[PDB]
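K.L.:
Before I ask anything, here is the structure I am working with.
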Amino acid sequence: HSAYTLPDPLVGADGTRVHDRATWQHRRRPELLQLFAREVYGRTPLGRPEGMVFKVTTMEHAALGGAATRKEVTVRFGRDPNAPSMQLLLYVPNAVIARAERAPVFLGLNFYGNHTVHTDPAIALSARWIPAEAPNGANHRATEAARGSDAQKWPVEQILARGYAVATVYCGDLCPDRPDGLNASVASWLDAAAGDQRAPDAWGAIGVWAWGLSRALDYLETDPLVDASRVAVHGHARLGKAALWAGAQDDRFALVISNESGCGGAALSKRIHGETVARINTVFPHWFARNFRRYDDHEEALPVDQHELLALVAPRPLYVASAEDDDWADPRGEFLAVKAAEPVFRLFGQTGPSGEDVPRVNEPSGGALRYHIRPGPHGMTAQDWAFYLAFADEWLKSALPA
Ligand SMILES: O=C(O)[C@H]1O[C@H](O)[C@H](O)[C@@H](O)[C@@H]1O
Ligand SMILES: [Mg+2]
């Protein structure tokens, strides 16, 4: 039940206790980032590549019946027109634009293509490979029947009505989610040697997806319609694992949301409940670094656990959420990771969930470090988003002079 012991985020690798925010920021945070890079996700080999190019391919000022401006942007990772790229979809609420104010942004990757997040027939159909599990796909390619096929996870009209822009990119633009996807990924292009077997500490899909989120943020910093200092990075499940790693590595993200990210996301690995290190690496060998396989059936040897990933978001707001029936993600483990990260949030004057057991369903708990568990199976629902929008309202207010 409790057959593990966690490393203390506030004890340095040399045993010295971290007593102050400066030691956390300038020594302990780099230590932990290097541990997760080497042992779990793999190294992010560079941040912004030189020669990133942003091309707005479509712009509609009266999308969604006039409610939004919709922009599609190709973010190309080098100057040569042949360089790899990703396709960003952005809806911005026209009520905010009309007031001549920059909108805060929710940014997250999608599972099956930009055209799946909303029925809107003007969104470009992805030309990229799509998994067999994608609704209404045909031989691994998008079809018009797939439009809006993942819209329940994306309540665009509500987010816009609440004053937030919505930005998304298909994860498969960055690394196709298939065990062979790394060879057709931006990793195959970025700081790679002669294309053979990747190195032990080389990043995999989660690292690549996370890097893509930071490149989307680079684009948002240039877009006059949005406030790139108020970007909430979010993800569901495997894309929440990526949102957490993006938010931990890139402290420009103003707020981070993990929706049911489970093993190698928010859930403690040392708890051995639901999905385990061996199970995740065996089924998804491209997700983590090869070095993470050292801990298959040996989670006791992990030098970190996921509470320390959560702690890397501090002092910025972080929301971890679970589903009651989602045993595979280990909801208790996700909550206990929040509780074990809370001392770092407290060092920074924030507060986490009250209580030392999982709260009752649909009752969020915590300040800037917040948790809820909703009824039902794994997914991302309107109820999850209602809670996330309330959190963002509290923790993403436009900055005024201090
Ligand atoms: O992406 C999802 O929904 C989930 O898919 C699989 O079940 C995987 O085992 C999980 O780690 C992941 O979170
Ligand atoms: Mg688990």
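Every residue, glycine as well, gets a Cβ built from its backbone with ideal geometry; the counts of neighbours run over all protein chains shown. The numbers here are math on the coordinates, done by the rules we state, and not lab data.
K.L.:
Based on this model, can you work out whether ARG279 counts as surrounded by fewer than 20 Cβ atoms within 10 Å (Cβ to Cβ), of a type in the set (D, E, K, R) and within 16 Å of ligand 2 (Cβ to nearest atom)?
P.N.:
On the way: surrounded by fewer than 20 Cβ atoms within 10 Å (Cβ to Cβ): yes; of a type in the set (D, E, K, R): yes; within 16 Å of ligand 2 (Cβ to nearest atom): yes.
Yes, satisfied.
K.L.:
Restricting the first residue to region 376-391 and requiring it to be aromatic (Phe, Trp, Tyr), which pairs with a second residue that is assigned to a helix (DSSP H, G or I) and more than 16 Å from ligand 1 (Cβ to nearest atom) meet a Cβ separation below 8 Å and a spacing of at least six or different chains?
P.N.:
Here the result reads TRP385/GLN158; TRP385/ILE159, each pair linking region 376-391 to a residue that is assigned to a helix (DSSP H, G or I) and more than 16 Å from ligand 1 (Cβ to nearest atom).
K.L.:
Looking at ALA161, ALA151, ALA194, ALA122, can you tell me which residue is out of contact with any strand residue (DSSP E or B) (no Cβ under 6 Å at 6 or more places or on another chain) and more than 17 Å from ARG70 (Cβ to Cβ)? Steps first, please.
P.N.:
Numbers: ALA161 fails: more than 17 Å from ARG70 (Cβ to Cβ); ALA151 fails: more than 17 Å from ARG70 (Cβ to Cβ); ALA122 fails: more than 17 Å from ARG70 (Cβ to Cβ).
Only one candidate passes the filter, namely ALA194.
K.L.:
When you scan region 237-252, do you find a residue that is more than 10 Å from ligand 1 (Cβ to nearest atom), within 22 Å of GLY113 (Cβ to Cβ) and in contact with a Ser or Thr (Cβ under 7 Å, 6 or more places away or on another chain), even just one?
P.N.:
yes
K.L.:
Another one. Output the qualifying pairs, or none if there are none: Cβ atoms under 7 angstrom, residues six or more apart or on different chains, first residue in region 207-223 and closer than 20 Å to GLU72 by Cβ, second residue among the small types (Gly, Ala, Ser) and surrounded by fewer than 23 Cβ atoms within 10 Å (Cβ to Cβ).
P.N.:
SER214/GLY47; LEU217/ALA228; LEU220/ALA228; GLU221/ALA228
K.L.:
Okay, moving on. Of the numbered conditions (1) over 26 Å from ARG230 (Cβ atoms); (2) in contact (Cβ under 8 Å) with a residue 24 or more places away in the chain; (3) in a loop (DSSP other than H, G, I, E, B), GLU356 fails exactly one; give the number of that condition.
P.N.:
Only one criterion is unmet by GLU356, namely (2).
K.L.:
Now a separate question. Just one of (1) within 13 Å of ligand 2 (Cβ to nearest atom); (2) under 27 Å from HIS26 (Cβ atoms); (3) in contact with a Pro (Cβ under 9 Å, 6 or more places away or on another chain) trips up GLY265, so point out which.
P.N.:
(3)
K.L.:
So, one more: Test each condition in (1) surrounded by fewer than 21 Cβ atoms within 10 Å (Cβ to Cβ); (2) assigned to a loop (DSSP other than H, G, I, E, B); (3) within 14 Å of ligand 2 (Cβ to nearest atom); (4) not acidic (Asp, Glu) for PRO285 and report the one that comes out false.
P.N.:
With respect to (1) surrounded by fewer than 21 Cβ atoms within 10 Å (Cβ to Cβ); (2) assigned to a loop (DSSP other than H, G, I, E, B); (3) within 14 Å of ligand 2 (Cβ to nearest atom); (4) not acidic (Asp, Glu), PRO285 is out only on (3).
K.L.:
Considering each residue of region 32-52, count those that are buried (at least 16 other Cβ atoms within 10 Å of the Cβ), out of contact with any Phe, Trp or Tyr (no Cβ under 9 Å at 6 or more places or on another chain) and under 24 Å from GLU342 (Cβ atoms), and give that number.
P.N.:
3
K.L.:
Spot the failing condition for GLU363; the list is (1) touching a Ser or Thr at 6+ places or on another chain (Cβ under 7 Å); (2) more than 15 Å from ligand 2 (Cβ to nearest atom); (3) not basic (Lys, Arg), and only one is missed.
P.N.:
(1)
K.L.:
Turning to a different aspect of this structure: Which of (1) closer than 17 Å to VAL338 by Cβ; (2) touching a residue at least 40 places away in the same chain (Cβ under 8 Å) is the odd one out, the single condition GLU275 does not satisfy?
P.N.:
Failed condition: (1).
K.L.:
Moving to a separate point now. Return only the number of the condition from (1) under 30 Å from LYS397 (Cα atoms); (2) in contact with an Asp or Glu (Cβ under 7 Å, 6 or more places away or on another chain); (3) among the small types (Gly, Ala, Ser) that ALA165 does not satisfy.
P.N.:
Looking at each condition in turn, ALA165 falls short on (2).
One line per residue, one yes/no per condition, for (1) more than 20 Å from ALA232 (Cβ to Cβ); (2) hydrophobic (A, V, I, L, M, F, W, C); (3) surrounded by fewer than 18 Cβ atoms within 10 Å (Cβ to Cβ):
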position	(1), (2), (3)
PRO317	no, no, no
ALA321	no, yes, no
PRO359	yes, no, yes
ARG374	no, no, no
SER398	no, no, yes
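K.L.:
Let me ask you something else. For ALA103, all conditions in the list (1) small (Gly, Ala, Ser); (2) surrounded by fewer than 21 Cβ atoms within 10 Å (Cβ to Cβ); (3) within 24 Å of the chain's Cα centre (by Cα) hold save one; what is the number of the exception?
P.N.:
(2)
K.L.:
Any idea which of (1) surrounded by fewer than 20 Cβ atoms within 10 Å (Cβ to Cβ); (2) within 17 Å of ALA83 (Cβ to Cβ) is the one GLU157 doesn't satisfy?
P.N.:
All conditions pass for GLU157, except number (2).
K.L.:
Being part of a helix (DSSP H, G or I) and either touching a residue at least 60 places away in the same chain (Cβ under 8 Å) or more than 12 Å from ligand 1 (Cβ to nearest atom) (or both) is the filter here, so list the residues in region 307-331 that pass it. Walk me through how you get there before you give the answer.
P.N.:
To start, the set of residues in region 307-331 that are part of a helix (DSSP H, G or I) comprises 307-311, 327-329, 331.
Once the filter is applied, which keeps residues that are part of a helix (DSSP H, G or I) and either touching a residue at least 60 places away in the same chain (Cβ under 8 Å) or more than 12 Å from ligand 1 (Cβ to nearest atom) (or both), region 307-331 yields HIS307, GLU308, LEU309, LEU310, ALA311, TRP328, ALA329, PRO331.
K.L.:
Name the residue that is nearest to ligand 2 (Cβ to nearest atom), counting only residues in region 107-152 that are free of Cβ contacts under 8 Å to residues at least 24 places away in the same chain and not hydrophobic (A, V, I, L, M, F, W, C).
P.N.:
Among those that are free of Cβ contacts under 8 Å to residues at least 24 places away in the same chain and not hydrophobic (A, V, I, L, M, F, W, C), it is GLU133.
K.L.:
What residue, among those in region 183-206 that are touching a residue at least 40 places away in the same chain (Cβ under 8 Å) and crowded, with 24+ Cβ neighbours inside 10 Å, is farthest from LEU239 (Cα to Cα)? Even if it seems obvious, please write down each step before you answer.
P.N.:
Of region 183-206, the ones touching a residue at least 40 places away in the same chain (Cβ under 8 Å) are 184, 186, 189-191, 198-206.
Those left that are additionally crowded, with 24+ Cβ neighbours inside 10 Å: 203-206.
Numbers: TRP203: 15, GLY204: 13, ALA205: 10, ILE206: 8 Å.
By that ranking, first place goes to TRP203.
K.L.:
I've got another one for you. In the list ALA228, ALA301, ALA248, which residue meets the criterion of being away from ligand 2 (no atom under 14 Å from the Cβ) and closer than 30 Å to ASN94 by Cα? Reasoning before the result, please.
P.N.:
Working: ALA301 fails: closer than 30 Å to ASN94 by Cα; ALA248 fails: closer than 30 Å to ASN94 by Cα.
Just a single option satisfies the conditions, and that option is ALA228.
K.L.:
What is the number of the single condition among (1) surrounded by 21 or more Cβ atoms within 10 Å (Cβ to Cβ); (2) farther than 21 Å from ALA3 by Cβ; (3) not charged (D, E, K, R) that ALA267 does not meet?
P.N.:
(2)
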